[PDB]
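What follows is a single chain, given as structure tokens, in the form deposited in one PDB entry.
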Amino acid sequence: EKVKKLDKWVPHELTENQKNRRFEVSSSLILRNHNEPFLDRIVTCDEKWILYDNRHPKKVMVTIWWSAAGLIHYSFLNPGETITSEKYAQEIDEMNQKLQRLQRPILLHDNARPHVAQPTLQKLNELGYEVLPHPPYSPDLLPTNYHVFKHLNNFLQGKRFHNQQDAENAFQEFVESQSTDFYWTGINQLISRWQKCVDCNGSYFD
């Protein structure tokens, strides 16, 4: 049985074992960061379906890569082209190129997805990326979902797009219209979130 949390499908009631993994990771991150601060090294990412009609249907999947410094790279996935480990690998590799030019980094993302397989992992290892521990079923702890994609939504409400290029202009209008303070905030809010999780002994706190 499932429920939608931050647009992501998640247990209608976490198991005891699922709250332990959340508490354990949250606790350790809070401690890690207090002793050896790393928030400012975090690169994070997720995907969101953008619906052509914001009141089956038609929609386009976007992927965004960002850090507290600001946006790094987003791309769109063409309708009917479900993404694979080897292209994600690609995505990663040019994400890294754009980053280098702005400028080791630490990646925070949902590791429990398909395109997160050997080629992908290979790429990150190869490129020198440490992946941050992340408890299963925890959208509340991924900044793209609790921050970025949430504000995107407020921006998307009541919008009808006709062509793909329109959606993309709405997204890109949105991301590009964002201050660096917007990204800085998404990331630096993590510590509070880890704490809030711990206090809830690993349950959802919002």
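Start at 1 with the first residue shown and count on from there.
There is another form of the same protein, the form deposited with a partner chain bound; it is not shown, and what comes next is about it.
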The one residue among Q172, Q165, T180, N54 placing a heavy atom within 4.5 Å of its partner chain in the entry with it bound is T180
In the entry with it bound, does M61 come within 4.5 Å of its partner chain, counting heavy atoms only?
no
| task | Determine whether any heavy atom of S67 comes within 4.5 Å of a heavy atom of its partner chain in the entry with it bound, and answer yes or no. | result | yes
Any chance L99 has a heavy atom within 4.5 Å of its partner chain in the entry with it bound? yes
**OP:** May I ask you to check whether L71 falls inside a 4.5 Å heavy atom distance of its partner chain in the entry with it bound?
**Re:** yes
